[PDB]
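Coordinates from upload_1.cif are shown below (mmCIF, N, CA and C atoms).
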data_model
#
loop_
_atom_site.label_atom_id
_atom_site.label_comp_id
_atom_site.auth_asym_id
_atom_site.auth_seq_id
_atom_site.Cartn_x
_atom_site.Cartn_y
_atom_site.Cartn_z
N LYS T 1 -38.07 27.97 -49.23
CA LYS T 1 -39.26 27.73 -48.38
C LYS T 1 -39.24 26.33 -47.76
N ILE T 2 -39.81 26.18 -46.56
CA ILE T 2 -40.08 24.88 -45.92
C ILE T 2 -41.41 24.29 -46.44
N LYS T 3 -41.55 22.95 -46.48
CA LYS T 3 -42.72 22.25 -47.05
C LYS T 3 -44.02 22.40 -46.24
N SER T 4 -43.94 22.66 -44.94
CA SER T 4 -45.09 23.05 -44.11
C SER T 4 -45.66 24.40 -44.56
N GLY T 5 -46.96 24.65 -44.34
CA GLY T 5 -47.61 25.92 -44.71
C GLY T 5 -46.96 27.11 -43.99
N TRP T 6 -47.03 27.09 -42.66
CA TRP T 6 -46.32 27.99 -41.76
C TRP T 6 -44.92 27.46 -41.41
N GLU T 7 -44.03 28.36 -40.99
CA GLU T 7 -42.61 28.11 -40.70
C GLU T 7 -42.21 28.50 -39.26
N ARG T 8 -43.16 29.02 -38.48
CA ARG T 8 -42.97 29.65 -37.16
C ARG T 8 -42.32 28.73 -36.10
N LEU T 9 -41.29 29.27 -35.44
CA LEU T 9 -40.35 28.59 -34.55
C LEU T 9 -40.89 28.45 -33.12
N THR T 10 -41.48 29.52 -32.60
CA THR T 10 -42.09 29.64 -31.26
C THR T 10 -41.11 29.40 -30.09
N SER T 11 -39.85 29.82 -30.23
CA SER T 11 -38.78 29.59 -29.23
C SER T 11 -38.58 30.77 -28.27
N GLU T 12 -38.60 30.49 -26.96
CA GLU T 12 -38.49 31.49 -25.89
C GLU T 12 -37.15 32.25 -25.87
N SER T 13 -36.11 31.71 -26.51
CA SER T 13 -34.79 32.34 -26.65
C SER T 13 -34.81 33.67 -27.43
N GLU T 14 -35.95 34.01 -28.05
CA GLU T 14 -36.22 35.31 -28.66
C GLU T 14 -36.30 36.46 -27.64
N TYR T 15 -36.63 36.16 -26.37
CA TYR T 15 -36.79 37.14 -25.28
C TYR T 15 -36.17 36.72 -23.93
N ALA T 16 -35.92 35.43 -23.69
CA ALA T 16 -35.17 34.96 -22.52
C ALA T 16 -33.70 35.41 -22.57
N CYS T 17 -33.17 35.86 -21.43
CA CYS T 17 -31.83 36.46 -21.27
C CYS T 17 -31.51 37.56 -22.31
N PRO T 18 -31.99 38.80 -22.13
CA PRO T 18 -31.80 39.90 -23.08
C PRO T 18 -30.38 40.50 -23.05
N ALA T 19 -30.07 41.32 -24.06
CA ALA T 19 -28.87 42.16 -24.16
C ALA T 19 -29.00 43.38 -23.23
N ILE T 20 -28.91 43.10 -21.93
CA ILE T 20 -29.15 44.02 -20.81
C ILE T 20 -28.09 45.13 -20.64
N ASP T 21 -26.82 44.89 -20.99
CA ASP T 21 -25.71 45.85 -20.79
C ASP T 21 -25.16 46.45 -22.09
N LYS T 22 -25.05 47.78 -22.14
CA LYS T 22 -24.43 48.52 -23.25
C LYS T 22 -22.94 48.20 -23.42
N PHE T 23 -22.26 47.88 -22.32
CA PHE T 23 -20.88 47.37 -22.31
C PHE T 23 -20.71 45.98 -22.97
N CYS T 24 -21.81 45.28 -23.28
CA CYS T 24 -21.80 44.08 -24.12
C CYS T 24 -22.22 44.38 -25.57
N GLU T 25 -23.36 45.06 -25.79
CA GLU T 25 -23.91 45.18 -27.15
C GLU T 25 -23.35 46.32 -28.03
N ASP T 26 -22.55 47.25 -27.48
CA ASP T 26 -21.81 48.26 -28.25
C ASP T 26 -20.77 47.59 -29.19
N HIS T 27 -20.10 46.52 -28.73
CA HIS T 27 -19.26 45.68 -29.59
C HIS T 27 -20.06 45.03 -30.73
N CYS T 28 -21.30 44.58 -30.48
CA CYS T 28 -22.14 44.01 -31.53
C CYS T 28 -22.63 45.07 -32.53
N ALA T 29 -22.94 46.29 -32.06
CA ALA T 29 -23.36 47.41 -32.90
C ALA T 29 -22.31 47.76 -33.97
N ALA T 30 -21.02 47.76 -33.60
CA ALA T 30 -19.90 48.01 -34.51
C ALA T 30 -19.79 47.02 -35.69
N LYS T 31 -20.44 45.86 -35.60
CA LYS T 31 -20.50 44.82 -36.65
C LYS T 31 -21.94 44.60 -37.16
N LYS T 32 -22.90 45.42 -36.71
CA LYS T 32 -24.36 45.30 -36.94
C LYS T 32 -24.94 43.91 -36.61
N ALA T 33 -24.31 43.23 -35.65
CA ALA T 33 -24.79 42.01 -35.02
C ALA T 33 -25.65 42.35 -33.78
N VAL T 34 -26.28 41.34 -33.17
CA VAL T 34 -27.15 41.51 -31.98
C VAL T 34 -26.48 40.84 -30.78
N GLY T 35 -26.60 41.43 -29.58
CA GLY T 35 -26.06 40.85 -28.35
C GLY T 35 -26.78 39.57 -27.92
N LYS T 36 -26.04 38.61 -27.35
CA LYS T 36 -26.51 37.29 -26.93
C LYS T 36 -25.92 36.80 -25.61
N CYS T 37 -26.67 35.95 -24.93
CA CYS T 37 -26.24 35.23 -23.73
C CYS T 37 -25.76 33.79 -23.99
N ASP T 38 -24.91 33.33 -23.08
CA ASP T 38 -24.58 31.93 -22.81
C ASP T 38 -24.62 31.74 -21.27
N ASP T 39 -24.21 30.59 -20.73
CA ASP T 39 -24.29 30.31 -19.28
C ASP T 39 -23.56 31.31 -18.36
N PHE T 40 -22.62 32.11 -18.87
CA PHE T 40 -21.87 33.09 -18.07
C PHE T 40 -21.51 34.40 -18.80
N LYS T 41 -21.33 34.39 -20.13
CA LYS T 41 -20.76 35.50 -20.92
C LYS T 41 -21.69 36.09 -21.98
N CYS T 42 -21.35 37.30 -22.41
CA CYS T 42 -21.94 38.05 -23.52
C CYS T 42 -21.28 37.67 -24.86
N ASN T 43 -22.04 37.29 -25.89
CA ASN T 43 -21.57 37.06 -27.26
C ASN T 43 -22.37 37.93 -28.25
N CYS T 44 -22.06 37.90 -29.55
CA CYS T 44 -22.90 38.49 -30.60
C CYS T 44 -23.38 37.41 -31.58
N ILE T 45 -24.49 37.66 -32.29
CA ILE T 45 -24.97 36.80 -33.39
C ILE T 45 -23.88 36.62 -34.48
N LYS T 46 -23.70 35.38 -34.95
CA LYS T 46 -22.69 34.97 -35.95
C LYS T 46 -22.91 35.65 -37.31
N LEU T 47 -21.82 35.83 -38.07
CA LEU T 47 -21.79 36.44 -39.41
C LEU T 47 -21.27 35.47 -40.47
#

Let me see whether you can do it: turn the structure in this file into structure tokens.
Amino acid sequence: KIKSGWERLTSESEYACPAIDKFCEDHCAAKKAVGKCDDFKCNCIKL
């Protein structure tokens, strides 16, 4: 636990630049990761 009462992040990166293409997130599904953006390319959440 964190020492503050609440722990809430409130970061727009939760919904800004979504996993819009199935040709990107089907690779993430095979590892049960989530699709992600950077300045030009599709990545998955780290394991």

Exercise for review: Would you write out, as a PyMOL selection string, every residue that the PyMOL selection byres ((chain T and resi 9-24) around 6.5) captures in this file?
Suggested key: chain T and resi 7-8+25-28+35-37+42

With N, CA and C atoms kept, could you save the residues just selected as a PDB file, keeping the file's coordinate frame?
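Just written: result-v8.pdb:
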ATOM      1  N   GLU T   7     -44.030  28.360 -40.990  1.00  0.00           N
ATOM      2  CA  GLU T   7     -42.610  28.110 -40.700  1.00  0.00           C
ATOM      3  C   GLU T   7     -42.210  28.500 -39.260  1.00  0.00           C
ATOM      4  N   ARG T   8     -43.160  29.020 -38.480  1.00  0.00           N
ATOM      5  CA  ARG T   8     -42.970  29.650 -37.160  1.00  0.00           C
ATOM      6  C   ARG T   8     -42.320  28.730 -36.100  1.00  0.00           C
ATOM      7  N   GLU T  25     -23.360  45.060 -25.790  1.00  0.00           N
ATOM      8  CA  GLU T  25     -23.910  45.180 -27.150  1.00  0.00           C
ATOM      9  C   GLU T  25     -23.350  46.320 -28.030  1.00  0.00           C
ATOM     10  N   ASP T  26     -22.550  47.250 -27.480  1.00  0.00           N
ATOM     11  CA  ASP T  26     -21.810  48.260 -28.250  1.00  0.00           C
ATOM     12  C   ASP T  26     -20.770  47.590 -29.190  1.00  0.00           C
ATOM     13  N   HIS T  27     -20.100  46.520 -28.730  1.00  0.00           N
ATOM     14  CA  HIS T  27     -19.260  45.680 -29.590  1.00  0.00           C
ATOM     15  C   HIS T  27     -20.060  45.030 -30.730  1.00  0.00           C
ATOM     16  N   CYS T  28     -21.300  44.580 -30.480  1.00  0.00           N
ATOM     17  CA  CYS T  28     -22.140  44.010 -31.530  1.00  0.00           C
ATOM     18  C   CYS T  28     -22.630  45.070 -32.530  1.00  0.00           C
ATOM     19  N   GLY T  35     -26.600  41.430 -29.580  1.00  0.00           N
ATOM     20  CA  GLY T  35     -26.060  40.850 -28.350  1.00  0.00           C
ATOM     21  C   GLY T  35     -26.780  39.570 -27.920  1.00  0.00           C
ATOM     22  N   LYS T  36     -26.040  38.610 -27.350  1.00  0.00           N
ATOM     23  CA  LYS T  36     -26.510  37.290 -26.930  1.00  0.00           C
ATOM     24  C   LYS T  36     -25.920  36.800 -25.610  1.00  0.00           C
ATOM     25  N   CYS T  37     -26.670  35.950 -24.930  1.00  0.00           N
ATOM     26  CA  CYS T  37     -26.240  35.230 -23.730  1.00  0.00           C
ATOM     27  C   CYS T  37     -25.760  33.790 -23.990  1.00  0.00           C
ATOM     28  N   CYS T  42     -21.350  37.300 -22.410  1.00  0.00           N
ATOM     29  CA  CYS T  42     -21.940  38.050 -23.520  1.00  0.00           C
ATOM     30  C   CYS T  42     -21.280  37.670 -24.860  1.00  0.00           C
TER      31      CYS T  42
END

Exercise for review: Could you tell me, as a PyMOL selection string, which residues of chain T DSSP assigns to alpha helix (DSSP H) when given the backbone?
Suggested key: chain T and resi 22-29

Dump of N, CA and C atoms for the selected residues, as a JSON list (two decimals), keeping the file's coordinate frame:
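Output below, filename out23.json:
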[["chain", "number", "residue", "atom", "x", "y", "z"],
["T", 22, "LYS", "N", -25.05, 47.78, -22.14],
["T", 22, "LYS", "CA", -24.43, 48.52, -23.25],
["T", 22, "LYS", "C", -22.94, 48.20, -23.42],
["T", 23, "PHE", "N", -22.26, 47.88, -22.32],
["T", 23, "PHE", "CA", -20.88, 47.37, -22.31],
["T", 23, "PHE", "C", -20.71, 45.98, -22.97],
["T", 24, "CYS", "N", -21.81, 45.28, -23.28],
["T", 24, "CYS", "CA", -21.80, 44.08, -24.12],
["T", 24, "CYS", "C", -22.22, 44.38, -25.57],
["T", 25, "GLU", "N", -23.36, 45.06, -25.79],
["T", 25, "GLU", "CA", -23.91, 45.18, -27.15],
["T", 25, "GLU", "C", -23.35, 46.32, -28.03],
["T", 26, "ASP", "N", -22.55, 47.25, -27.48],
["T", 26, "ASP", "CA", -21.81, 48.26, -28.25],
["T", 26, "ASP", "C", -20.77, 47.59, -29.19],
["T", 27, "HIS", "N", -20.10, 46.52, -28.73],
["T", 27, "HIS", "CA", -19.26, 45.68, -29.59],
["T", 27, "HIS", "C", -20.06, 45.03, -30.73],
["T", 28, "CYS", "N", -21.30, 44.58, -30.48],
["T", 28, "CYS", "CA", -22.14, 44.01, -31.53],
["T", 28, "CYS", "C", -22.63, 45.07, -32.53],
["T", 29, "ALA", "N", -22.94, 46.29, -32.06],
["T", 29, "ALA", "CA", -23.36, 47.41, -32.90],
["T", 29, "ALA", "C", -22.31, 47.76, -33.97]]

Can you tell me, as a PDB file with N, CA and C atoms, in the frame of the given file, which residues in chain T count as strand (DSSP E) by DSSP?
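Full text of states_24.pdb as output:
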ATOM      1  N   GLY T  35     -26.600  41.430 -29.580  1.00  0.00           N
ATOM      2  CA  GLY T  35     -26.060  40.850 -28.350  1.00  0.00           C
ATOM      3  C   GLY T  35     -26.780  39.570 -27.920  1.00  0.00           C
ATOM      4  N   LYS T  36     -26.040  38.610 -27.350  1.00  0.00           N
ATOM      5  CA  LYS T  36     -26.510  37.290 -26.930  1.00  0.00           C
ATOM      6  C   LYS T  36     -25.920  36.800 -25.610  1.00  0.00           C
ATOM      7  N   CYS T  37     -26.670  35.950 -24.930  1.00  0.00           N
ATOM      8  CA  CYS T  37     -26.240  35.230 -23.730  1.00  0.00           C
ATOM      9  C   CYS T  37     -25.760  33.790 -23.990  1.00  0.00           C
ATOM     10  N   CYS T  42     -21.350  37.300 -22.410  1.00  0.00           N
ATOM     11  CA  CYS T  42     -21.940  38.050 -23.520  1.00  0.00           C
ATOM     12  C   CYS T  42     -21.280  37.670 -24.860  1.00  0.00           C
ATOM     13  N   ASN T  43     -22.040  37.290 -25.890  1.00  0.00           N
ATOM     14  CA  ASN T  43     -21.570  37.060 -27.260  1.00  0.00           C
ATOM     15  C   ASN T  43     -22.370  37.930 -28.250  1.00  0.00           C
ATOM     16  N   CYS T  44     -22.060  37.900 -29.550  1.00  0.00           N
ATOM     17  CA  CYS T  44     -22.900  38.490 -30.600  1.00  0.00           C
ATOM     18  C   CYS T  44     -23.380  37.410 -31.580  1.00  0.00           C
TER      19      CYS T  44
END

Practice item. Have a look at atom N of residue 41 in chain T and atom N of residue 29 in chain T and let me know their distance in Å, one decimal. Key: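 Atom-to-atom, atom N of residue 41 in chain T to atom N of residue 29 in chain T, that is 16.9 Å.
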
Exercise for review: Could you please determine the separation between CA of residue 2 in chain T and atom N of residue 46 in chain T in Å, to one decimal place?
Suggested key: 22.3 Å

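One finds atom N of residue 1 in chain T at 20.8 Å from CA of residue 47 in chain T.
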
Any chance you could work out the axis-aligned box around range 4-17 of chain T, listed atoms only, 4 Å on each side, giving centre and edge lengths in Å to one decimal, as AutoDock Vina command-line options?
--center_x -39.6 --center_y 30.1 --center_z -33.1 --size_x 24.1 --size_y 22.9 --size_z 31.7

Test item: write range 21-36 of chain T with N, CA, C and O atoms as a tab-separated table (two decimals), in the first residue's frame:
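Below you can see part.tsv, which holds the result:
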chain	number	residue	atom	x	y	z
T	21	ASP	N	-6.58	-0.92	-33.99
T	21	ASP	CA	-6.45	-1.95	-35.04
T	21	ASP	C	-6.26	-3.38	-34.49
T	21	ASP	O	-5.34	-3.66	-33.72
T	22	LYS	N	-7.06	-4.32	-34.99
T	22	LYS	CA	-6.94	-5.76	-34.67
T	22	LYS	C	-5.62	-6.36	-35.16
T	22	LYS	O	-5.07	-7.24	-34.50
T	23	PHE	N	-5.08	-5.83	-36.25
T	23	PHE	CA	-3.73	-6.15	-36.76
T	23	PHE	C	-2.58	-5.71	-35.83
T	23	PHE	O	-1.44	-6.14	-36.03
T	24	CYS	N	-2.86	-4.92	-34.79
T	24	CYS	CA	-1.92	-4.64	-33.70
T	24	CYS	C	-2.22	-5.49	-32.45
T	24	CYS	O	-1.30	-6.13	-31.92
T	25	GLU	N	-3.46	-5.52	-31.96
T	25	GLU	CA	-3.74	-6.14	-30.64
T	25	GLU	C	-3.96	-7.67	-30.64
T	25	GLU	O	-3.98	-8.26	-29.56
T	26	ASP	N	-4.09	-8.32	-31.80
T	26	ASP	CA	-4.11	-9.80	-31.91
T	26	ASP	C	-2.77	-10.41	-31.45
T	26	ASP	O	-2.75	-11.42	-30.73
T	27	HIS	N	-1.64	-9.76	-31.76
T	27	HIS	CA	-0.33	-10.13	-31.19
T	27	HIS	C	-0.30	-9.99	-29.66
T	27	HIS	O	0.26	-10.85	-28.98
T	28	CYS	N	-0.94	-8.96	-29.09
T	28	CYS	CA	-1.01	-8.80	-27.63
T	28	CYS	C	-1.93	-9.85	-26.98
T	28	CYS	O	-1.59	-10.39	-25.92
T	29	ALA	N	-3.04	-10.22	-27.63
T	29	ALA	CA	-3.97	-11.25	-27.16
T	29	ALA	C	-3.28	-12.61	-26.96
T	29	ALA	O	-3.48	-13.24	-25.92
T	30	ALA	N	-2.40	-13.00	-27.88
T	30	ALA	CA	-1.61	-14.24	-27.81
T	30	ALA	C	-0.69	-14.35	-26.57
T	30	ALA	O	-0.24	-15.44	-26.24
T	31	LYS	N	-0.40	-13.23	-25.90
T	31	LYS	CA	0.41	-13.15	-24.67
T	31	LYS	C	-0.41	-12.62	-23.48
T	31	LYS	O	0.16	-12.35	-22.42
T	32	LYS	N	-1.73	-12.42	-23.65
T	32	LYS	CA	-2.67	-11.78	-22.71
T	32	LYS	C	-2.21	-10.41	-22.18
T	32	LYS	O	-2.55	-10.00	-21.07
T	33	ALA	N	-1.44	-9.70	-23.01
T	33	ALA	CA	-1.07	-8.30	-22.84
T	33	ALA	C	-2.10	-7.38	-23.52
T	33	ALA	O	-3.00	-7.85	-24.23
T	34	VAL	N	-1.98	-6.07	-23.34
T	34	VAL	CA	-2.90	-5.06	-23.90
T	34	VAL	C	-2.15	-4.23	-24.95
T	34	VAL	O	-0.97	-3.95	-24.76
T	35	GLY	N	-2.81	-3.85	-26.05
T	35	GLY	CA	-2.21	-3.00	-27.09
T	35	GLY	C	-1.94	-1.57	-26.61
T	35	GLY	O	-2.71	-1.03	-25.82
T	36	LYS	N	-0.85	-0.97	-27.09
T	36	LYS	CA	-0.37	0.37	-26.71
T	36	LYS	C	0.19	1.18	-27.88
T	36	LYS	O	0.71	0.62	-28.84
